[PDB]
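Visitor: No sequence on hand, only this structure:
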Ligand SMILES: *CCCCCCOCCOCCNC(=O)c1c(F)c(F)c(C(=O)O)c(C2=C3C=CC(=[N+]4CCC4)C=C3[Si](C)(C)c3cc(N4CCC4)ccc32)c1F
Ligand SMILES: [Cl-]
């Protein structure tokens, strides 16, 4: 499993800030937009993009405040991410896209798709944000930690002061061990504690047990949209999962129209780090099937 990030930096001005993105593959055709979540960057896509790049343009931005993107003094609310990702997409002049989305990148992608349904030709998604009706529907092993994250004094001490999301939670969302080189790539954007705001706001935005109400509403609205939409869908899932346990993937594979589900074997949250060759190969082959009517 490759540790290298062999992609030239691309930058675009977005709302008076600069965002970093990977941009590889042919210039023409429908682009494939890859959206990472918490607490990763375009680095999470590094071993999946090589399967897609031969046939499609691959675009993998770093969310505002993350990766090699700028770090303005925001609260990094989901609303901030929405504002910046909307402006990113318009800044590149993207018309129709295929979405490949994960964790908070999936909340961005589904929310955008809902608002721009004629521009989304396909969605591949994994370990995505859905409402977690109660804390019992959150994995027991992660329950105490995410409950602690979702306070101001304790949460901010763990995530901002001690960097527990990067040093602890991240490696514990992968079944295989992350190497030191991989950890250093994930650490790089957050070496300065003041830049860790996004790592703390994100778990505080998770729609868990009806809170926060604004995120719960927005997430229910896109999961309704997704159940009504004929858009081609590709769902990767792992055992035991974190956001998406196997029973939920089984349910969505049937409830979502035009949905193919693929089992990656053992995984938790960062499925990309446990089976990148399967995810990359299935995306590439599924993209080809979008052109078979
Ligand atoms: C969008 C949704 C994203 C989900 C991504 C994450 O998926 C859920 C995974 O949740 C894991 C929750 N658990 C922890 O974060 C955690 C602990 F609760 C915990 F008690 C400990 C611990 O100290 O034992 C660790 C942990 C840490 C914690 C802190 C830390 N540092 C601060 C400076 C260094 C380092 C670690 Si490490 C990588 C040495 C570690 C290793 C293990 N194992 C089991 C075999 C090696 C276990 C825990 C920790 C937590 F990460
Ligand atoms: Cl999170």
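Guide: Arrived safely, thanks for sending. Residues are numbered from 1 along each chain as shown. Ligands and ions are numbered 1, 2, ... in the order given.
Visitor: From here on, just use CA atoms for contacts and neighbour counts.
Guide: Fine.
Visitor: Tell me the residues of this structure that contact ligand 1?
Guide: By C-alpha under 6 Å from any ligand atom, the residues of the chain that approach ligand 1 are 38, 103-104, 142, 145, 162-164, 167-173, 242, 269.
Visitor: Now a ChimeraX select for only the buried ones of the residues you listed.
Guide: This is the ChimeraX syntax for the buried subset of the residues of the chain next to ligand 1, where burial follows 16 or more other C-alpha atoms under 10 Å:
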select :38,103,104,163,164,169,170,171,172,173,242,269
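Visitor: Sketch out the helices for this protein, chain order is fine.
Guide: Using DSSP state H, the helices found in the chain span residues 49-52, 78-91, 104-115, 140-149, 153-156, 164, 180-187, 197-205, 213-228, 246-255, 271-274, 276-289.
Visitor: measure residue 55 to residue 161 for me?
Guide: Going from residue 55 to residue 161 by C-alpha to C-alpha, to the nearest Å gives 44 Å.
Visitor: typed the wrong thing, it's residue 176
Guide: Where residue 161 is concerned, residue 176 sits at a distance of 27 Å (C-alpha to C-alpha).
Visitor: what sits against residue 52?
Guide: Shown in contact with residue 52 (C-alpha atoms under 8 Å, 6 or more residues apart in numbering): 25, 58, 280, 281, 283, 284.
Visitor: give me that answer again for 6 Å
Guide: residue 284 (C-alpha atoms under 6 Å, 6 or more residues apart in numbering).
Visitor: How about the one 10 residues further on?
Guide: Residue 62 makes contact with 20, 21, 41, 42, 69 under the criterion C-alpha under 6 Å, 6+ apart.
Visitor: For it, give me phi and psi.
Guide: When read as degrees, to the nearest 10, the backbone of residue 62 gives phi -90, psi 120.
Visitor: Now do it against residue 80, distance only.
Guide: Counting by C-alpha to C-alpha - residue 62 and residue 80 are separated by 14 Å.
Visitor: now residue 63
Guide: For residue 63, the distance to residue 80 - C-alpha to C-alpha - is 10 Å.
Visitor: Would you mind telling me which of those two has more residues around it?
Guide: residue 63 (31 against 14; other C-alpha atoms under 10 Å).
Visitor: Most proximal residue of the protein with respect to ligand 1?
Guide: residue 168 (2.9 Å; C-alpha to the nearest ligand atom).
Visitor: count of neighbours near residue 25?
Guide: By other C-alpha under 10 Å, the burial measure for residue 25, its neighbour count, is 17.
Visitor: Look up the closest residue to residue 264, ignoring the ones flanking it.
Guide: residue 238 (5.4 Å; C-alpha to C-alpha, 6 or more residues apart in numbering).
Visitor: residues contacting that neighbour?
Guide: Contacts of residue 238 (C-alpha under 6 Å, 6+ apart): 263, 264, 265, 266, 267.
Visitor: So stretch 214-230, near ligand 2 or not?
Guide: No. Stretch 214-230 lies apart from ligand 2 when judged by C-alpha under 5 Å from the ion; the minimum separation is 12.6 Å.
Visitor: Just the ones of the residues of the chain next to ligand 1 in strands?
Guide: Residues from those lying in strands, with DSSP state E as the criterion: residue 103.
Visitor: Now the phi/psi pair for the closest residue to residue 171 other than its chain neighbours, please.
Guide: If you skip the residues right next to it in sequence, residue 171 has residue 178 as its closest partner in space, 6.2 Å away by C-alpha to C-alpha, 6+ apart. With angles defined as degrees, to the nearest 10, residue 178 sits at phi -70, psi 140.
Visitor: I'd like to know how many residues surround residue 178.
Guide: 16.
Visitor: any idea how far residue 237 is from it?
Guide: 20 Å.
Visitor: now residue 269
Guide: 9 Å.
Visitor: Tell me if I'm right that residue 128 and residue 106 touch.
Guide: Yes. Counting by C-alpha atoms under 6 Å, residue 106 is a contact partner of residue 128 at 5.3 Å.
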